$ cat start.pdb   # PDB, C-alpha atoms
ATOM      1  CA  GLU X  36       0.000   0.000   0.000  1.00  0.00           C
ATOM      2  CA  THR X  37       2.968   2.284   0.624  1.00  0.00           C
ATOM      3  CA  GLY X  38       4.077   4.579  -2.170  1.00  0.00           C
ATOM      4  CA  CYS X  39       5.804   7.895  -2.769  1.00  0.00           C
ATOM      5  CA  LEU X  40       4.679  10.626  -5.124  1.00  0.00           C
ATOM      6  CA  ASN X  41       7.996   9.805  -6.808  1.00  0.00           C
ATOM      7  CA  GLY X  42       8.211   6.616  -8.851  1.00  0.00           C
ATOM      8  CA  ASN X  43      10.039   4.499  -6.239  1.00  0.00           C
ATOM      9  CA  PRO X  44       8.629   3.234  -2.939  1.00  0.00           C
ATOM     10  CA  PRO X  45       9.891   4.796   0.311  1.00  0.00           C
ATOM     11  CA  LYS X  46      13.343   4.076   1.707  1.00  0.00           C
ATOM     12  CA  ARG X  47      14.069   3.108   5.308  1.00  0.00           C
ATOM     13  CA  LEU X  48      16.615   5.208   7.183  1.00  0.00           C
ATOM     14  CA  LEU X  68      13.594  16.533   7.083  1.00  0.00           C
ATOM     15  CA  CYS X  69      10.137  15.927   8.596  1.00  0.00           C
ATOM     16  CA  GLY X  70      11.844  13.411  10.887  1.00  0.00           C
ATOM     17  CA  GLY X  71       9.423  14.181  13.708  1.00  0.00           C
ATOM     18  CA  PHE X  72       6.609  12.511  11.744  1.00  0.00           C
ATOM     19  CA  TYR X  73       8.265   9.789   9.610  1.00  0.00           C
ATOM     20  CA  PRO X  74      11.632   8.984  11.222  1.00  0.00           C
ATOM     21  CA  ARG X  75      12.359   5.405  10.143  1.00  0.00           C
ATOM     22  CA  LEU X  76      11.045   5.380   6.558  1.00  0.00           C
ATOM     23  CA  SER X  77       9.926   8.311   4.424  1.00  0.00           C
ATOM     24  CA  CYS X  78       9.871   9.742   0.902  1.00  0.00           C
ATOM     25  CA  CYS X  79      12.352  12.522   1.709  1.00  0.00           C
ATOM     26  CA  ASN X  99       4.075  30.977  12.228  1.00  0.00           C
ATOM     27  CA  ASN X 100       4.086  30.591  16.013  1.00  0.00           C
ATOM     28  CA  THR X 101       0.308  30.080  15.813  1.00  0.00           C
ATOM     29  CA  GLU X 102      -1.531  26.781  16.143  1.00  0.00           C
ATOM     30  CA  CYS X 103      -2.516  27.148  12.486  1.00  0.00           C
ATOM     31  CA  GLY X 104       1.191  27.431  11.698  1.00  0.00           C
ATOM     32  CA  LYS X 105       1.960  24.139  13.436  1.00  0.00           C
ATOM     33  CA  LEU X 106      -0.903  22.520  11.524  1.00  0.00           C
ATOM     34  CA  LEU X 107       0.590  23.959   8.327  1.00  0.00           C
ATOM     35  CA  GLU X 108       3.917  22.325   9.201  1.00  0.00           C
ATOM     36  CA  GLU X 109       2.194  18.973   9.758  1.00  0.00           C
ATOM     37  CA  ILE X 110       0.268  19.251   6.480  1.00  0.00           C
ATOM     38  CA  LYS X 111       3.482  20.359   4.760  1.00  0.00           C
ATOM     39  CA  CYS X 112       5.165  17.118   5.847  1.00  0.00           C
ATOM     40  CA  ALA X 113       2.429  15.034   4.173  1.00  0.00           C
ATOM     41  CA  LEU X 114       4.607  14.699   1.057  1.00  0.00           C
ATOM     42  CA  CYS X 115       7.222  12.714   3.011  1.00  0.00           C
ATOM     43  CA  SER X 116       4.635  10.149   4.130  1.00  0.00           C
ATOM     44  CA  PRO X 117       5.217   6.521   3.058  1.00  0.00           C
ATOM     45  CA  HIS X 118       1.572   6.554   1.889  1.00  0.00           C
ATOM     46  CA  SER X 119       1.886   9.951   0.187  1.00  0.00           C
ATOM     47  CA  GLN X 120       0.951   8.509  -3.213  1.00  0.00           C
ATOM     48  CA  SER X 121      -2.257   7.180  -1.648  1.00  0.00           C
ATOM     49  CA  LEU X 122      -2.698  10.269   0.549  1.00  0.00           C
ATOM     50  CA  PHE X 123      -3.007  12.617  -2.447  1.00  0.00           C
ATOM     51  CA  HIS X 124      -5.115  10.039  -4.348  1.00  0.00           C
ATOM     52  CA  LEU X 135      -5.791  24.084  -1.978  1.00  0.00           C
ATOM     53  CA  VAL X 136      -3.807  20.870  -2.468  1.00  0.00           C
ATOM     54  CA  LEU X 137      -3.988  18.758   0.691  1.00  0.00           C
ATOM     55  CA  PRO X 138      -3.950  15.024   1.433  1.00  0.00           C
ATOM     56  CA  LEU X 139      -7.123  13.139   2.274  1.00  0.00           C
ATOM     57  CA  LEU X 140      -7.823  14.475   5.761  1.00  0.00           C
ATOM     58  CA  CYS X 141      -9.340  12.619   8.669  1.00  0.00           C
ATOM     59  CA  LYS X 142     -12.714  14.086   9.608  1.00  0.00           C
ATOM     60  CA  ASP X 143     -11.777  15.243  13.114  1.00  0.00           C
ATOM     61  CA  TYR X 144      -8.483  16.673  11.858  1.00  0.00           C
ATOM     62  CA  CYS X 145     -10.385  18.400   9.050  1.00  0.00           C
ATOM     63  CA  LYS X 146     -12.665  20.138  11.557  1.00  0.00           C
ATOM     64  CA  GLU X 147      -9.672  21.049  13.738  1.00  0.00           C
ATOM     65  CA  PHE X 148      -7.752  22.418  10.743  1.00  0.00           C
ATOM     66  CA  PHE X 149     -10.716  24.413   9.422  1.00  0.00           C
ATOM     67  CA  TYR X 150     -11.516  26.063  12.753  1.00  0.00           C
ATOM     68  CA  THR X 151      -7.861  26.589  13.693  1.00  0.00           C
ATOM     69  CA  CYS X 152      -6.900  28.228  10.385  1.00  0.00           C
ATOM     70  CA  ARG X 153     -10.155  30.096   9.693  1.00  0.00           C
ATOM     71  CA  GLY X 154      -9.329  33.781   9.339  1.00  0.00           C
ATOM     72  CA  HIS X 155      -5.714  33.029   8.391  1.00  0.00           C
ATOM     73  CA  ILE X 156      -6.587  31.311   5.083  1.00  0.00           C
ATOM     74  CA  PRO X 157      -8.333  33.091   2.175  1.00  0.00           C
ATOM     75  CA  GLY X 158     -11.926  31.971   1.740  1.00  0.00           C
ATOM     76  CA  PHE X 159     -12.389  29.969   4.946  1.00  0.00           C
ATOM     77  CA  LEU X 160     -14.833  32.622   6.178  1.00  0.00           C
ATOM     78  CA  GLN X 161     -16.875  31.967   3.011  1.00  0.00           C
ATOM     79  CA  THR X 162     -17.759  28.333   3.765  1.00  0.00           C
ATOM     80  CA  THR X 163     -18.777  26.005   6.569  1.00  0.00           C
ATOM     81  CA  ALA X 164     -16.710  23.180   8.019  1.00  0.00           C
ATOM     82  CA  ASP X 165     -19.249  20.632   6.750  1.00  0.00           C
ATOM     83  CA  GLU X 166     -18.823  21.627   3.096  1.00  0.00           C
ATOM     84  CA  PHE X 167     -15.051  22.071   3.401  1.00  0.00           C
ATOM     85  CA  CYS X 168     -14.648  18.635   4.975  1.00  0.00           C
ATOM     86  CA  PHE X 169     -17.139  17.264   2.447  1.00  0.00           C
ATOM     87  CA  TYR X 170     -14.626  18.305  -0.219  1.00  0.00           C
ATOM     88  CA  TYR X 171     -11.342  17.569   1.588  1.00  0.00           C
ATOM     89  CA  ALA X 172     -11.937  14.861   4.223  1.00  0.00           C
ATOM     90  CA  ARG X 173     -12.021  11.131   3.533  1.00  0.00           C
ATOM     91  CA  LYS X 174     -15.465   9.589   3.941  1.00  0.00           C
ATOM     92  CA  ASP X 175     -14.850   5.864   4.504  1.00  0.00           C
ATOM     93  CA  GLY X 176     -12.618   6.507   7.522  1.00  0.00           C
ATOM     94  CA  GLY X 177      -9.703   4.506   6.137  1.00  0.00           C
ATOM     95  CA  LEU X 178      -6.196   5.777   5.435  1.00  0.00           C
ATOM     96  CA  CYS X 179      -6.249   9.528   6.087  1.00  0.00           C
ATOM     97  CA  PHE X 180      -3.926  12.327   7.162  1.00  0.00           C
ATOM     98  CA  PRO X 181      -2.437  12.624   9.687  1.00  0.00           C
ATOM     99  CA  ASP X 182      -1.117   9.051   9.477  1.00  0.00           C
ATOM    100  CA  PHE X 183       1.163   9.468  12.516  1.00  0.00           C
ATOM    101  CA  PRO X 184       0.390   9.474  16.251  1.00  0.00           C
ATOM    102  CA  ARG X 185      -0.427  12.865  17.720  1.00  0.00           C
TER     103      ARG X 185
END

$ encode --input "start.pdb" --output "structure tokens"
Amino acid sequence: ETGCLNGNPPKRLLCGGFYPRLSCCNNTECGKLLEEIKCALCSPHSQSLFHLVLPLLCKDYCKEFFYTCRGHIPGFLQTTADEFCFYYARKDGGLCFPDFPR
């Protein structure tokens, strides 16, 4: 199931706080969330995470991201969390971002 957005699968050993052993590679709370989402490219399931360009978000994390970054991101005041997560969160509850413990 693992796969990088590159051609080759991940390599076991820089986003090391999220994917230390194997990978593909503001002071606000929204900034920390933007760091986490930034490190989604280095995920071993990044090819499956990417099927605003964001990985398939978990529902709870999608609500948390929307409410935490609303007002800092253009257009988040122009939509509800239900529609935003309807477009960006994964529905089946399977493999979603974040795919690391938190």

$ residues_around --input "start.pdb" --residues "residue 155 (chain X)" --least-positions-apart "6" --cutoff "12 Å" --atoms "all atoms listed in the file" --output "list in words"
residues 99, 101, 102, 103, 104, 106, 107, 148 and 149 of chain X

$ resolve_selection --input "start.pdb" --expression "the PyMOL selection byres ((chain X and resi 39) around 12)" --output "PDB file with C-alpha atoms, in the coordinates of the input"
ATOM      1  CA  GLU X  36       0.000   0.000   0.000  1.00  0.00           C
ATOM      2  CA  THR X  37       2.968   2.284   0.624  1.00  0.00           C
ATOM      3  CA  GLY X  38       4.077   4.579  -2.170  1.00  0.00           C
ATOM      4  CA  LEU X  40       4.679  10.626  -5.124  1.00  0.00           C
ATOM      5  CA  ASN X  41       7.996   9.805  -6.808  1.00  0.00           C
ATOM      6  CA  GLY X  42       8.211   6.616  -8.851  1.00  0.00           C
ATOM      7  CA  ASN X  43      10.039   4.499  -6.239  1.00  0.00           C
ATOM      8  CA  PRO X  44       8.629   3.234  -2.939  1.00  0.00           C
ATOM      9  CA  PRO X  45       9.891   4.796   0.311  1.00  0.00           C
ATOM     10  CA  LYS X  46      13.343   4.076   1.707  1.00  0.00           C
ATOM     11  CA  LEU X  76      11.045   5.380   6.558  1.00  0.00           C
ATOM     12  CA  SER X  77       9.926   8.311   4.424  1.00  0.00           C
ATOM     13  CA  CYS X  78       9.871   9.742   0.902  1.00  0.00           C
ATOM     14  CA  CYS X  79      12.352  12.522   1.709  1.00  0.00           C
ATOM     15  CA  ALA X 113       2.429  15.034   4.173  1.00  0.00           C
ATOM     16  CA  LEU X 114       4.607  14.699   1.057  1.00  0.00           C
ATOM     17  CA  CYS X 115       7.222  12.714   3.011  1.00  0.00           C
ATOM     18  CA  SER X 116       4.635  10.149   4.130  1.00  0.00           C
ATOM     19  CA  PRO X 117       5.217   6.521   3.058  1.00  0.00           C
ATOM     20  CA  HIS X 118       1.572   6.554   1.889  1.00  0.00           C
ATOM     21  CA  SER X 119       1.886   9.951   0.187  1.00  0.00           C
ATOM     22  CA  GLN X 120       0.951   8.509  -3.213  1.00  0.00           C
ATOM     23  CA  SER X 121      -2.257   7.180  -1.648  1.00  0.00           C
ATOM     24  CA  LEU X 122      -2.698  10.269   0.549  1.00  0.00           C
ATOM     25  CA  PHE X 123      -3.007  12.617  -2.447  1.00  0.00           C
ATOM     26  CA  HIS X 124      -5.115  10.039  -4.348  1.00  0.00           C
TER      27      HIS X 124
END

$ resolve_selection --input "start.pdb" --expression "the PyMOL selection byres ((chain X and resi 141) around 8)" --output "list in words"
residues 139, 140, 142, 143, 144, 145, 172, 173, 176, 179, 180 and 181 of chain X

$ closest_residue --input "start.pdb" --among "X:109, X:47, X:161, X:75" --to "residue 182 (chain X)" --atoms "all atoms listed in the file"
X:109

$ atom_distance --input "start.pdb" --atom1 "CA of residue 147 (chain X)" --atom2 "CA of residue 165 (chain X)"
11.9 Å

$ atom_distance --input "start.pdb" --atom1 "CA of residue 135 (chain X)" --atom2 "CA of residue 69 (chain X)"
20.8 Å

$ residues_around --input "start.pdb" --residues "residue 146 (chain X)" --least-positions-apart "6" --cutoff "9 Å" --atoms "all atoms listed in the file" --output "PyMOL selection string"
chain X and resi 164-165+167-168

$ closest_residue --input "start.pdb" --among "X:73, X:68, X:151, X:136" --to "residue 105 (chain X)" --atoms "only C-alpha atoms"
X:151

$ axis_aligned_box --input "start.pdb" --around "region 122-148 of chain X" --padding-each-side "6 Å" --output "AutoDock Vina command-line options"
--center_x -7.7 --center_y 17.1 --center_z 4.7 --size_x 22.0 --size_y 26.0 --size_z 30.1
